[PDB]
């Protein structure tokens, strides 16, 4: 087999080989035998010189259009002479040149990756095309510097490279939602030729954040006289997720007792906590309960918060006077110290607001004695004479130590007999 190598895309008139010498034809015989290539197609690309007997390129040859991705491109040639008419055979090897640069069919590649994609997941990329073969084909892929993505290039069944995008670090759309990358494919030509593609990565949102309250817990003070409809506090919570998944609404915890719901209500949009009814420090001095903020995701994320409402005592009770026992009538002969009445006082308020003092006018022949807390006896403190006064209206005044103090008035009526 006579084999001539010649590079593809060679100019018209390029020397391939001297077939006349290799077929053992005489030079003078060459001008007579009129050696020519047989076959209509091959006459477009090859020609035989009548003077030298050289096989020459007629029209440039494209190896890619002829053999595609085959490793070797060999063109069998047949020749004809006259006198006598004879046929000869030779093979022309078309040697590949690097007339193709790597090129991605689309130069804009867009990937949408979920925010919760696990590191180690591979994402396919469309590979560049290089119609050349051998070392002139694609030799490596490159990915521009970044912090979350790397390249994982796989070799498929024939030995072509298949590039895949590999997630190295977890994503977080709340920190970075978009990545702009450049992907490069380079062949092993001399010099290497390359082509690039722009890779835009989008991070899709997951509902991975619960709402966050402004403070971890709230403690509030309110006077027990506060009217219904007063705003105690406005709860604020934020959620960084997108759309309804970042939309915060407020409510009581599911386990909130009705004793809380009776006095407090929570506006679902504004988070304003209002007072719904009368408070009373004397019955309950504080309330502890939990509230929650929910996002509008499906399903929803929840966050709880602890609320404490402290009541402040108000001096809303005047002292209560109990006259336990009462003489009614007293002999004018009674010795000083005679008990006229037993008196008890109570004030339900706290601290100084509930501390009671008792008094009567000085000018009376009576006095107040106390042996135990909040207990007073009304006794005679001087002599009595019916002819002077037949009866006494003894004005008793109880007062608490609030500011200002509140007073209670009670009159003990006492008849005097002989």
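Residue numbers count along the first chain shown, from 1.
When the mean C-alpha temperature factors of 80-88 and 336-344 are read from the deposited coordinates, 80-88 comes out higher.
According to the PDB record, 151-159 carries the higher mean C-alpha B-factor of the two stretches 290-298 and 151-159.
The entry assigns its greatest Cα B factor, within the set 366, 376, 46, 392, to 46. Per the PDB record, 384 has a higher Cα B-factor than any other of 360, 384, 371, 356. Sort the modelled residues of the chain by CA B factor and residue 401 lands in the lowest third. Residue 235: CA B factor in the lowest third of modelled residues in this chain (values from the PDB entry).
In the deposited entry, the Cα temperature factor of residue 257 sits in the top third of values across the chain's modelled residues.
Residue 94: CA B factor in the middle third of modelled residues in this chain (values from the PDB entry). When the modelled residues of the chain are ordered by C-alpha B-factor, residue 130 sits in the middle third.
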